[PDB]
Structure formats: C-alpha cells, structure tokens
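Participant: Provide a 3D model corresponding to the input given below.
(7 chains)
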Amino acid sequence: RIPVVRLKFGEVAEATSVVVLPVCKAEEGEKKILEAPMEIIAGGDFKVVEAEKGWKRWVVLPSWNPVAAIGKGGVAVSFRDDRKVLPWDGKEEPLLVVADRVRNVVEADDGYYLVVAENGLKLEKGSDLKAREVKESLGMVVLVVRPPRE
Amino acid sequence: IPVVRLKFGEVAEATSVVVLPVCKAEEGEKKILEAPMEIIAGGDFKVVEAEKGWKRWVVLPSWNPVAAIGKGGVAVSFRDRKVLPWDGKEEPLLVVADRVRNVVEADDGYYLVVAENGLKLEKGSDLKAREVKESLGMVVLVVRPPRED
Amino acid sequence: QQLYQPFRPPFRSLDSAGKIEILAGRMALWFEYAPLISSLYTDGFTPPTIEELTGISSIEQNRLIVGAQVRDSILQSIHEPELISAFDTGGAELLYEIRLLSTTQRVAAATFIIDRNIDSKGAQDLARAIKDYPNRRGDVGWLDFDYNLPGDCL
Amino acid sequence: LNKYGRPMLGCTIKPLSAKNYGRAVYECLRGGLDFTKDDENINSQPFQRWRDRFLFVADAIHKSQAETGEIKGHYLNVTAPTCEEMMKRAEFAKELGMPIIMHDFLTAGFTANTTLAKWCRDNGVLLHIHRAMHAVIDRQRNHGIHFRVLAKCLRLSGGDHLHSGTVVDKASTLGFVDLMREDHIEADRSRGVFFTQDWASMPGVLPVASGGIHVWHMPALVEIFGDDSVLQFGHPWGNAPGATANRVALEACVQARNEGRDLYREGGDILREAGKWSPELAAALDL
Amino acid sequence: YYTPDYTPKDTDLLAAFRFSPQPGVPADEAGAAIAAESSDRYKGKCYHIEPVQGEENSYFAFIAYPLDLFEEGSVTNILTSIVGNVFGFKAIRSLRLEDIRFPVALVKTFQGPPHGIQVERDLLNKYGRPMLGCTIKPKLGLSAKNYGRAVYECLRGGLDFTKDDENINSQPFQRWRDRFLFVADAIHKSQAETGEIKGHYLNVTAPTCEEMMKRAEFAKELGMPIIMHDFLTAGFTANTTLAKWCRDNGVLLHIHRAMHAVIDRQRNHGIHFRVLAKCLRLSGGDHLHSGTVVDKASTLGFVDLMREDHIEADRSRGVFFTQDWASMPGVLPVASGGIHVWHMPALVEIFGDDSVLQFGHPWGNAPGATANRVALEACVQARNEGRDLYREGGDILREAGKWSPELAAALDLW
Amino acid sequence: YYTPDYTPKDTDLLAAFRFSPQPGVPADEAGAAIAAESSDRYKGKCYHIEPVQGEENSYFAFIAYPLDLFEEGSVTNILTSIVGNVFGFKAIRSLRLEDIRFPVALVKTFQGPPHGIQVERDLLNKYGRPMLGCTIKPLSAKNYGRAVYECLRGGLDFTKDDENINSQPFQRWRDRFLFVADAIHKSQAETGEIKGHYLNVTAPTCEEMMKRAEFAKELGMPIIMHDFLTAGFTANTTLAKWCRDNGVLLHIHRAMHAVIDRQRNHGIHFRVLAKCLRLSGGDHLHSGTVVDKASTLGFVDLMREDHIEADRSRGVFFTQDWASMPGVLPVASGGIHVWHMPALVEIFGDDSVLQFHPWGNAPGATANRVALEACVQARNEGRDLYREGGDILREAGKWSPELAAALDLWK
Amino acid sequence: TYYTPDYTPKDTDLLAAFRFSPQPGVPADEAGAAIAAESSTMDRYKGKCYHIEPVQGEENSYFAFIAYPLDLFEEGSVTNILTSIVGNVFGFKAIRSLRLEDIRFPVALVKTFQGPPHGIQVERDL
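Facilitator: Numbers count the residues shown, from 1 in each chain, chains lettered A, B, ... in the order given. The protein structure is shown below:
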C-alpha cells in the first residue's frame, strides 16, 4: 500500500545525510500545497540551499531513499490524525505525508495520490481515482512518516 | 572540526532532524547576532520551531559536531577569489558555527570574526594574539559540495 | 599390484596418457566425453585412480556414463534435438537410473520429464509408475488406460 | 565401500584347515568379487576356532584389496554362545579392520542382535544379517509369521543386509523388498503390503539374493532387484576364473540395462561370449 | 517462501514468533526472511502471518520446520537450530519467540522428567495437599554447625523441604562435602524423630561436569531424596546429563531458574518463559520455579503446559498450538518469592492441590515453621469442604480458626 | 547500602551496570537495591552512581563485591551469583550488565584458554598473517568430503561446519568425521601446511560430547568446534579441560548471542560474555564483522591483550589485568567479500581467523588466499590499505585469471 | 640488573627475606644482587634485590629483601616454589653463611592453592 517509514527517538546521534521539505497542513489546505516552493536549488556544499519562494514552515527529514529520490516537487503535509487520511488502520497519532507533485498524474493503480476531499485532504488509491476519472491529483504520496514514541 | 562532503549514508548510525539559520558572509555580524538560537523539534509532527522567523534555512545532517551544538546553531555561506578565470574557482562555502561558544578558549579551534569585507575565520591563538577574547561563533565543521565522482 | 584382473574392455584420435587433460578443465560438452573415460579405463584404469587426478567423484563418473548412454539412446530415436539439448544444458537428474527396458519407454519418459520438468527424484517418480504397466498381468482397469504416455499411465 | 551404480557381488565357499581357508578366499576375492560368505553353520566348531580363521581371512582380504586397488570384504560370523563372547569376537574383527560382520538374528535372538547393531553404529562396521531359521515360522501358509513382518522389525532394529532369497510367489517378495529399502510405501494388497507403513527418513537395508542360482540367471536378478542389491552365489576352471566370469557377466548386464537392452527378452543373448575376457568367462554355460 | 495456502504435516515442528520490522518492510517479506535465515525440501515455511490484536506494528508469524532437521532427542540442538541467529537480523526491529509445537515424533525420544509427578508423589509419602518448603534466610556467613542446627529446626516444625539458597554452592567459607554431610545428618535425625519422609534440596551446579557428577554421586551415597540444579546457568547439556543420571539412580531432581529474567523481561524480545518450560519438561526436571501470583493468564498457561498431558491452542491464556505429550510425565511447579501466609487461600486455588510452595518467624524457626504448616490443612480442609478462597480467604485463616498455634500472632503481625 | 565513598580493594570484584528506574524510585535507592539483591560484610556495596551521557532517565551503577564470596574456579557460579535474579526486580524499568572487572587473584584460578594465541600459531607454523577459512556451503558424506577437499586444497587454512548441522537422521556425526579426516589427511599431505576443519561437537548429553571429542582426537584432527552459550558453560569448561589434556584447538561459536545482547535495555553486553569465555576456555571466538565498530574493536582488544586500560569511548570500563593468562583469537563472522579483505587486515591485526563464487570451489579458495597475501605483504612494506584497496588488487597481479575472474564480479 | 633500591614491589609480586653473611672482601650490594640473580635464569623474569639491611645485631649479617615476578611460579605447587627459591642459591660460594628467613606469598598465588583439608572451624565442628 503506502510505504511507511517511522521517525524514531535517538535517531539524532549520527545522520550522514538529511533533506529539507516545505511544510503544508491539513488546516492550511490545497492552496498551501500549490503555494509551496517546488524547486529547491542545491548550491550545497554540505547542504547550503535556497528556495524559489519564501516559506514559513520547514521539516527536516533524513535522507531516506524514497525522500531523497524526489528532489524537486517534494512537500510534507501535516495531519492531526492518521485515521482519516489512511485508508487502513491508524493509531491516533499525527501524520506526516511526503508528496511528489511531479507525478500527480494518476498512472499507478496501486499508487496513492493526495487529493482534495470534501472534508479536507485525503490519500486515494490510483485505481479508485481512475474509477472516478480523476486524471490529476495534488501530489503522489511517496512516503508516510510516523512520530517517535515510547 | 571535520570537512565533509554532502554524501549519503556514509556512516549507518541513524537519520533525523537538525536545523541552522543561514547567513551570508556579506551580511556580517548583524545577521549572526540576529539569527534564531533555539530551534526545537517537537510535538509529534516534528515540524521545527524557531523562536523567531528566518529567511534562509539549511540543515546540516546530524553529524557529531552538528548534534553537539544545540543552541546557537548557525550556518554561514562563504563565496570566493580567482586571479585567473580559467583557473578553477573555489567552491561556495558554509560554516557551521556555535554562537553559544562565542568566547575564544581554544587555540586550535577556529572562530568566526569579521573581515574588512564580509566575515572571516581566525585561529584561536591568532585571536588571542590580537587580544580578542571574543568571537561571533566557534566553527565546528568545514564544507565541500556533494561529489558523485 | 595394479592387477585389475576383473572386467576390462578389450575425440576419436586422442593419445593415451594425457587423456585426462580433456577433463581437468572440461573444455568439451558435458555428456559426450563420458565414453572417453570409458575408453580411458578400457586400458585398465579405475575411478579410485581417477578421483585424485581429475576431480570427479565416482558417483559423478557413473552419472556421466549413464547420461552419455541416455543421450545416445535418444539421439538415434527422435527428432526435436532440444530434448538432447535439454540435457546438454546440464541437469542430468531428469535422466538417471534407466529401469525402463526398451527404447520406446526411454523416449517416452525422456520427453515427459522434459515436458513437466521435475528434477529432485522426479525420474524415479515417473519410472515407478511407467514400469508398472497398466495391465499388471490382467488386473481390473486396463481397458481405459494408455501405456506409452506417462500422463495417462501413472 | 566406493561402489556405485552396480550391485555388489558375493562369493560362497564350496566346503578345511585355516591355511586352506585363506588361500581359497583370497582366490575367490582377487578374481574380482566384492564379498565372500562363510557357510551357514561355521562359527566355532573344532576345525577353525575364531581366532585362527579371523586372522587368516583378514590377511587374505588385506593382500587382495591391496593387489587389486578396489575395496572388498568377508561376512565374518560372530553368532556366539553368550553375549560378552560375541562382543569379544566383534572387537577382534574390528582390530584387524574388516568392514562387515554376519549374524543370525532369530537363532541368536533380537536382544543380542540389537546390542550388536548399536555397537556397530559406534564402531562403523557394516552388519550383515542372515536368516538361518526363517523357514520354521513362515513357510506354512495358514500359520506363523509372514516374513515381511520379520523384515520390517529387523530393519527397525539392526542390519545392513538381509537374505531375502532367490526369485526364480515373486509378487510378495518384490513387495517386501520395496517395504525395506524404500522410506514410504502405499498400501497394496496385491504386492502384499497392507498398511501405508511410513519410515520417517530411516535408512534402508540392501536386500540380498542367495542360493539356488547361477550366472545364467544374472539378467533377471539385475532386472528385478534393480541396482541397490547384493547378488550372491563349481566352475569348470576353478574359483577365480568363474569369479571373474560372474563379475564380467554382471557388468555386461549393467551396461546393457543402461544401454536399454531389454533384459527379460534378450537375457539369453546379451552375454559377452566374445571380447571382454569371454575366455575367462569360458562361456562355460552348459545348460 | 511464505506459502500461506498450505497446512503443516501433523509431525512437523512449529514456532510462533512475534516480531516487528524496520520501516518500509512488508510483513510477508519479513516472515519469509525469518523462515529462510532460520534454516530443497528442508527449507522452513512461513505458513502463517497475522498482525497482533489491537497493538501497532507487531505481527505473529507461524513457521513450520521439517522434522528431519533435528537430532534425535537434544534440547540444545533444537534451540541452537531455531533461535541460533534469527535474532541477529537487520530488517527486524524486534523479535520474540513465544511458543513451540513439539510433535508426537521427537517427543517419544526424550528421557523426559526423571520421575514425573505421580511417581515421586508416591515416593514422598504425601498426598492431597501441596508440598511445603521454606528457604534459609541466613544466607551467608553461616557456620557448619549453625547450618545443621538451623535446618533441623526448620524441618521438625513440620516442613516438607528446606530449600538451600541459590548463590551458595561452594565457597572458602563453606565446602560442599562439609555442608552435605551436615545437612544429611540433620535430615536423618529429623526424619527419624518425626515420622515422615522429608528432603532438603542440595545445589550441585558445579563448575565442570565431572565435579557435578561427583557431588551427585556423594549426594546419593549419603542418602538423599532430591538435589537442586540451575539449568540456564549450567546449560541444557549438563542438565540433560544430570537428568539421565537421576533416572539411573533413585533421586528426584529440582530445578530453579536463577537466570530467566535476562531472557524474558520485556514484551518485544527474547524468549517467553513457556518455551523454556516446554524444553525443560523435555530435557529433565521435576520441580520448576514459576514466579508468583498476588498476568495470571500466562501463568496458568505455562503451568498447565508443565503439569498436564493435553492442551488446546487457546490463544487467550498464551498458548498457540495444541501440544500433546504422549504420556510423558508432567513436572511440578514451584510458587516462590515474597510470600506471607496471607496468601495461603490464593495459592492453594491458583496452583491447584498439586504443586509446591516456597517461603522466603514471630519468635524463631520451629514456631514459624509449624505456623506455616497450617492452612495447608486448614485452608485445604476448607476447600475440600467448599469455600470461596480467592474472595473469602481471610475468614478461614485463623479468623475462623482462632488457634493457639503460633500462626495466630504470626498472622496478626500483618 | 550505597556508600558513594569507597576505594575498591584491588582484589575485589567489580561490576558496571546500566539501568533505568521507575517513575518515583530515586536513582540512589535503585543502585542500593541492585547491589543489595546479591544478598555482615557479604553485601555488595553500591560504591558509585552516575547518570549516562545525555540520555534521559538512565544511569550507570558501579558495584563492588568481596572476591571470596565466589567459587574457586568457576564461571557458572559467577554468573549465578552476579546476575541471578537482579533483573527480576519488579521496581526497575530495565537494566543491562555492561561490564565486569575480575581481580587478578580470581583470574589465577581458571585454566583459561586451552592453548592460546602464540601456542596455536606455533602449532600451525602460520606466522605473520591472519588465518583464512571458508564455510563449506552444502548432503551425504562423500559429497561433503570431496567438497572439503576441493575448498581446502585451494589454499584455505580452515573450513567451517554449519552451526545447525551436528547430527541428524540424514547426517550421522560418525560419517562426517570419518570422511573429513580422510580429506584433511589427503590435502595436508599434498600441500604441506597443516590444514584444519572445525567439527561441531555439540551433544544432548555430556558423555556424548566427550565420546565425540575422543573420536575427533583418534582420527587426528587438530581443532574442533563447540557452541558455548546454548550448550551452557559447564559443558564448555569441561571440554576446555579435556582440550588441554588432549592437545586439541577449541573453537567457539556464539550461536545465541543475538538473543541476549542485540538490544541495549536488557541482556549482558557481549563484553562480559567474551571475558567469561576467555576465563572458562576457548581459542577462537566469533565476534561479528566490521563495516558500533568502535565497541567491537574495543572488546576485541580486550579479549586479546594482557592489560587493557579503561576507555569509556572505546567501550570499556575498568583496567582489567590478565596475569599473562593467554589470549584468544577473534573471528570475522562471515558476511564479507574479497573486496573487504584489505580493510579487515587493517584492523584485525595479524592474529585473526577470517572466514567466508563461480569457476568451482578451489579457484575461489586460492583467489581468497592470494587476496589475503599481497595485502598483509603490502602493509608489511608500508601502505594505507584503506586508500589503496582497489589498487592492491589492481588485477590478478602476478597471478592467474581466477581472483581477477572474481574481482570484476563486484557488480 | 643489579641491586635496585627503589623497586618498591607491586602487590602481585612474591617476596623473600634472606639472612646471610658475605665471604671476606665483598661489599653488600654485590652479594645481594648475586643472591637475587642466581635464583633467576626478558629481564622481566629476574628477581631484584629491592632492599639490603645490616642486621642490627653483632656483625657481618644482613637481611636481603628480594622480589620475584609471579610468572615464575607454578599454578598449584609448593615444590616449584622451593626449587625456584632455594634451588642452588645456597650452593653459591661467595657467601660465608646463608639462611632463608621468611617468605611472602601474594594473595594471587594463594587463592588457587588447596590450603588445609578442613581448617580450624570445620574440624572442631566435626
């Protein structure tokens, strides 16, 4: 289904590589995701970066391979509760969803695509969108990040 | 004070959030004196919280010096200085500095002071020779661009 | 010493001594040079003498012998050399222990096990049924069975 | 024993002093056979006390195996009055280095037999059983113990061989052959196995044919007992020539089976009769 | 691997792991990885996977191993083949083996408990009530004479067993033969002057197996009904050797964990204790410590596994495979640790009539002893008369007794 | 208890614990209770406490013990007395024994390792280089035997038997032993350098173990394998005594360490296991691989040198003396390629048993071996293997196309 | 090598106090170092004449306090101990008269020993 890698406590000891994504929220809505800077210019030495647009919120994510692969068009969406967004089971915790707007076109039947739901923002299977003939989406979910816990 | 390439997964010991407000050298001490010191990852969303907003944000992967800084974290863009254009230009730079460790105590340790134009890095011994017992930041690491070759 | 008084037989233009040179690196097709070892100990050698010189356990030597035998019995029997080719690409387990007496049984079991591709005791798996003919000297049930295809005789 | 594909071949001795015994068994070994067999009732009678016979047969086996390269053996007998003396003879057989040993499980009882088998496991010498009484409790159709039960329990206790006997009912014999050598048998009234006797990966036991046969019946046996078996059996030339004749005849039959010559149909013609030391075979074969 | 459309042959081995993978690992992949790296037709099979009831990221995995991978009757082999290295894994965040399904085959091959419950319960002429045993609180520094004195005291009060302490096996202040001889003289003098068959556990957890055999030989010659041995700290090999010896000579065999807490302490790793209990009923032992009860479900579970002859799966209490035992005798459980008499009604209900109790003293040792040797009749008498215990126990225990026996004052303490 | 003002008498026993209390029990009471659970003077005095470097709600405890309170010459008694049921303390979240200091007086009492580094190295005449060995990857006797012959004549020094393969219905230890003795004799005769195969002597009983060891001697085997942790320390010490009595090299195999020490909230860190094992007996010892590598190198230097100084960073706690009791040989527990050959030699010194392809077996063997040479040689001449690895293996340098044939296989 | 009057012995060392008198014409340190090194034979495995003292008595009588590395002595014998200590050192000729006065065994070399069979307390109880 959706690839889910959970951030864990104590992971701050030695990250060799890390990536940065702008942050959008369920309350902020689809408009914020359109507003977020897509191209982050890497003029980096050990990371120095500039963004095409100024953005208030930034999440620092480890260079997990799916997140690293995205590059441009990478965004993180904050959800207060996991259950509403996740088609499957949830444990009642805040959810971070990484989405690639570059692949927003629905071509992957099993692929999950962030879309604007009537209630708010939801992750929808591609096949389901194809059944409703929705050719485009906000972003294609690449990874779901779960919070550190005890 | 290590010099590290931005390179993925060299050491396999973990993966997590760290952030530094960025300054340009051209900006000078004023930008350093104003960048937000406390950058606190929390809640469960883990979106980082800064006591004050900053224009430019860069993160330095949680290598051991970066993790050690905590408060006072800053990143300084440095730009070169070629006599001959054909001679290859030196790469752009970034300095991870602990503003909390402003005081000059280590002769070996480099410290961030102000050049006539822009900022500069000076040895602790040199600063003590010049009678400056204070610096803006203490450099904890050196830069080098992601090289895939 | 060196008698070998028991049974002794009494690439066609090789020497005598250095014949084993064709076998240390095995530069030939797998299952054609087994009669080469046959002719090698035709002069009176024995696999105990060949192990520590070539690097082929006696089990593998007899394996190669019977495999060359089966490839020969099938080369002069049927078209579709792929069957024989299905042996030349290794995998001799499909052919070992020919209990099936005549040649028709041989080609039948060969093509059937090629069709179904059951190594790891599959040869005997089929043989134990094929040699158990569907008459068993006039049992009940020989009127609605085949006898040459293992699919309808198992 | 480094013997693959072919079955193993066993000589018997026609009859003696111990020196005569050694020379004779050395002949019937070097001629190119695998095993030799002591007679059915020669253990300790006042001709050949165990110690002299054992010593001499061991020397003969040594000499022959050396001067022929291959590996050979003799079914030394240890069916002893008491138990600890059986163990004495077993130890002595081990000291010389013989690899096989006889026993008579019925006439010596399953208890001592199991002890011998367990001792063998530790000392690594192939135990070779020999019925020697079975006919008292099986042959009567309507009474007694059918032999297959004895075979099952014997493989359950000990033994690396078993004198199944000649074949030319045969259906029952072939059936229980499958019952001991395999490791999973489906019930089959016709073949004579009543219950789907599992075996849980316990090793098999080579069935042995014995007596009432000769080289002229070589093919059928190889055809019936397949490959994993111990085929066993004067000659108009002497022991060694007839021995080598048996060896080469069995070898030719194996070659022909692998060659896919129908043995049961061609058994009278497959014989060498020319070429492979048919002189040593002598093609004696008089009826 | 991972063919879930499949069933295990009724004479295979089964294992019930409970695990949790790394981020971005599909559960099926992890299960098949377990089955593979734990071992043609000899491969394991990850024949079932499911997620835990209610909790997050943590799956049960039922893996069926073929019988022919196992030495005929070797607990240590079973262990070092199943849990050899599978814990040494990368994709598996955590892993905890919680059950084993020993089949009918490879169970009839173990020696088993050296005497079983019924036989020894016949030997020690005691019936109905559960056996009673107190330990020796004066753990260390004790003189040899003092030891003989104290143990005779603690016996004549009416106790069934005097549990020697654990860390004491041989010291520069106490030597095996010395303490052996003395406690033996004491138990003899007691038995002779009270009219019962009493026994004292003795520790033989020797450094080297040879010394273990030597001390057991002595413990027999002197005349003893039982000895004590700690398996995890001396390893299943030594333990099986001692069990074989104890089946040779007419001696019981008492076990005692003294290590388990390192293997089962948390709910995501290690081996749950019921697997150790099963393996220990296989290898050798009669008495086995099984914690206390003041989580009871798992406790009753791995009690039944050690005391009965047929159990069904019953995932509730903590068993995962209906485990038969082919009349291999059952072992006796030992309720031990922090036990005031205030629990007499509880234990005698939880652990049933058939178990043993350990006790870690108003005005001495004989008085506290004989005190303790009440409600092993009185409360037992009440139960066999029909009495709520788990919710009426305080009534009978000297509040319906009111007996000059010193347990009155002893009970009024608490 | 808890007298945090105490000088440990240099002949006491010391223990270094790492624990986490419960919400309400102070750390000092925690250490007091921990030390007390061992039991006048026969009480463990919790001589020190401190918090760990950075983490929350987790502290190091430093306990002392009188040395006499322990058995004159055991390991199992040490473990029973030191780690008996302290973990069962219901008033503690978790803890994990991180190290033990043995006083010199206690170290004297054990036989120690049977043969040791130098004695072993002499028995095989293999000097100035690590000792290479592969695990024969599978079958019946004869196939296994000829396979050992192939993968051994190819220059490999040692061949390992698979851990789960000791005795089975389809594999009887008698046969494995017979055939491997034959193969080793033939190969050592052909090549000349004393070759070696491990032989898994693990037994349901103890008499069985001794019987198998006796057989493995009679054949003429130099070295035998034996798991320790699953087979327990008693059997292990007995086997060590017997090895010293019969002159055989004893080779250990963790085979369950991953159930104890994989996590750092319970168990006993592999340091204490290594120390205890050296105490009881053992020549070689599996110690994982290296690709925290600091901790691994640390306790490797621990179980080998005769005097190790305290180093929290490397992962040691007490200056542990040895009284010239010999050392053991660490083992690179597989999981490596020829490409990783040089770096290994960089760190594991000259004294280490390294363990491990198309073109058949023996070419892989000689490839691995010649890879081992010319690396130890190169460092003897003076290089930086970490910087030159690909070049030290530039090609089949002065060698036939086999190691080269396997180098390009790095893709 | 010779008389080394600062080698304050480590605990683990073994100690021996000799009482001797020298042949005429030989000074103290000479005889002391001779005594030490004689029972010896790296230089790690040699004794050291860590102390010399004139007997506060009549005349020409000296206590020699010598150390010994632990490694020289066996793991369980007193025989090796006696052979090492008083093996041939008395056979020396530069000594008018020698007498071994006292020994000190470090606890390291005492834990292994089997001591008395039962000692005081166990035997009184028996």
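Participant: Enumerate the residues of chain D near chain E.
Facilitator: Where chain D comes near chain E, counting by C-beta under 8 Å from any C-beta of the partner chain, the residues are D:200, D:201. Where C-beta positions appear, they are placed from N, C-alpha and C, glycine not excepted.
Participant: Which single residue of chain D ends up nearest chain B?
Facilitator: For chain D, the residue closest to chain B is residue D:201, as judged by C-beta to the nearest C-beta, at 43.4 Å.
Participant: So that residue, which state does it fall into?
Facilitator: Three-state assignment for residue D:201 (DSSP: H, G, I helix; E, B strand; the rest coil): coil.
Participant: How about the residues of chain E by chain C?
Facilitator: Contacts of chain E with chain C, taken as C-beta under 8 Å from any C-beta, map to E:40, E:41.
Participant: Next one: the residue nearest to the spatial centre of chain E from chain G, what distance?
Facilitator: The residue lying closest to the centre of chain E (C-alpha atoms, centre = their mean) is residue E:288, at 2.2 Å. To chain G, residue E:288 is 33 Å away according to C-beta to the nearest C-beta, to the nearest Å.
Participant: residues touching residue E:226, list them.
Facilitator: The neighbours of residue E:226, taking C-beta atoms under 8 Å, 6 or more residues apart in numbering or on different chains as the test, are E:161, E:199, E:200, E:201, E:202, E:251, E:252, E:253, E:254.
Participant: what's the span of stretch G:105-118, first residue to last?
Facilitator: End-to-end distance of stretch G:105-118: 21 Å, with C-alpha to C-alpha, to the nearest Å as the criterion.
Participant: Touching that stretch from outside, list them.
Facilitator: Residues outside stretch G:105-118 that contact it (C-beta under 8 Å, 6+ apart): E:178, F:11, F:67, F:72-73, F:104-106, F:108-109, F:323, G:11-15, G:70, G:73, G:75-76, G:126.
Participant: So which of those sit within strands?
Facilitator: Mapping these onto strands (DSSP state E) picks out G:14, G:15.
Participant: what's the neighbour count on the residue of chain D closest to chain B?
Facilitator: 13 (other C-beta atoms under 10 Å in any protein chain shown).
Participant: in the chain, which spans are strands?
Facilitator: Went with chain A since none was named. A:4-6, A:18-25, A:40-42, A:49-51, A:58-62, A:74-79, A:95-100, A:112-116, A:121-125, A:139-146.
Participant: That was the other one, I meant chain G.
Facilitator: G:14-22, G:48-54, G:62-68, G:95-104.
Participant: so who does residue 96 touch?
Facilitator: Defaulting to chain A. By C-beta under 8 Å, 6+ apart, the contact list for residue A:96 reads A:7, A:59, A:76, A:77, A:78, A:79, A:144, A:145, A:146, A:147, B:45, B:46.
Participant: Chain E, not that one
Facilitator: E:17, E:18, E:19, E:267, E:268, E:269, E:270, E:271, E:272.
Participant: From chain E, how far out is residue C:15?
Facilitator: 42 Å.
Participant: re earlier: excluding chain neighbours, what is closest to the residue of chain D closest to chain B?
Facilitator: Excluding the flanking residues, the one nearest residue D:201 by C-beta to C-beta, 6 or more residues apart in numbering or on different chains is residue F:169, at 4.5 Å.
Participant: Going along the chain, name the strands of the stretch 101-250 of chain D.
Facilitator: Along the stretch 101-250 of chain D, the segments classed as strands by DSSP state E, counting those that start in this stretch run D:126-129, D:161-163, D:206-208, D:230-232.
Participant: Quick check: neighbours of the longest one in the sheet, parallel or antiparallel?
Facilitator: Right, strand D:126-129. Partner strands for strand D:126-129, per DSSP bridges, with pairing direction: strand D:100-103 (parallel).
Participant: now the second one
Facilitator: Sheet pairing of strand D:161-163 (DSSP bridges) gives strand D:206-208 (parallel).
Participant: measure the nearest residue to residue C:43 once chain neighbours are set aside to residue C:27 for me?
Facilitator: Spatial nearest neighbour of residue C:43, excluding adjacent residues (C-beta to C-beta, 6+ apart): residue C:16 at 6.9 Å. Between residue C:16 and residue C:27 the computed distance is 19 Å (C-beta to C-beta, to the nearest Å).
Participant: Check the gap between the residue nearest to residue C:43 and residue F:245 for me.
Facilitator: Residue C:16 sits 55 Å away from residue F:245, going by C-beta to C-beta.
Participant: Same question for residue E:127.
Facilitator: With C-beta to C-beta as the criterion, residue E:127 and residue F:245 are 50 Å apart.
Participant: how about the contacts of residue E:96 in TSV, adding neighbour count?
Facilitator: Formatted as TSV, the contacts of residue E:96 follow (neighbours: other C-beta atoms under 10 Å in any protein chain shown):
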residue	neighbour count
E:17	25
E:18	20
E:19	28
E:267	13
E:268	14
E:269	24
E:270	27
E:271	21
E:272	20
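Participant: Could you export these as JSON lines, including distance to residue D:168?
Facilitator: JSON lines is the format used below for the contacts of residue E:96 (distance: C-beta to C-beta, whole Å):
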{"residue": "E:17", "distance to residue D:168": "58"}
{"residue": "E:18", "distance to residue D:168": "63"}
{"residue": "E:19", "distance to residue D:168": "63"}
{"residue": "E:267", "distance to residue D:168": "71"}
{"residue": "E:268", "distance to residue D:168": "70"}
{"residue": "E:269", "distance to residue D:168": "68"}
{"residue": "E:270", "distance to residue D:168": "66"}
{"residue": "E:271", "distance to residue D:168": "61"}
{"residue": "E:272", "distance to residue D:168": "64"}
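Participant: and of those, the nearest to residue D:264?
Facilitator: residue E:17 (56.3 Å; C-beta to C-beta).
Participant: Is it correct that that closest one is in contact with residue E:98?
Facilitator: Yes - between residue E:17 and residue E:98 there is a contact at 7.3 Å, judged by C-beta atoms under 8 Å.
Participant: Can you show me the helices along chain G?
Facilitator: Remark: helices assigned in chain G by DSSP state H are G:28-38, G:79-86, G:108-111, G:119-125.
Participant: Deepest-packed of these, please.
Facilitator: Highest mean neighbour count of the helices of chain G: helix G:28-38, a mean of 20 (counted as mean count of other C-beta atoms under 10 Å in any protein chain shown).
Participant: What angle do strand G:62-68 and it make with each other?
Facilitator: Interaxial angle, helix G:28-38 versus strand G:62-68 (axes from the mean of the first three to the mean of the last three C-alpha atoms, to 10 degrees): 40 degrees.
Participant: Run through the neighbouring helices and strands of helix G:28-38.
Facilitator: strand G:14-22, strand G:48-54, strand G:62-68, strand G:95-104 (3 or more C-beta pairs under 8 Å, 6 or more residues apart in numbering or on different chains; DSSP states H and E).
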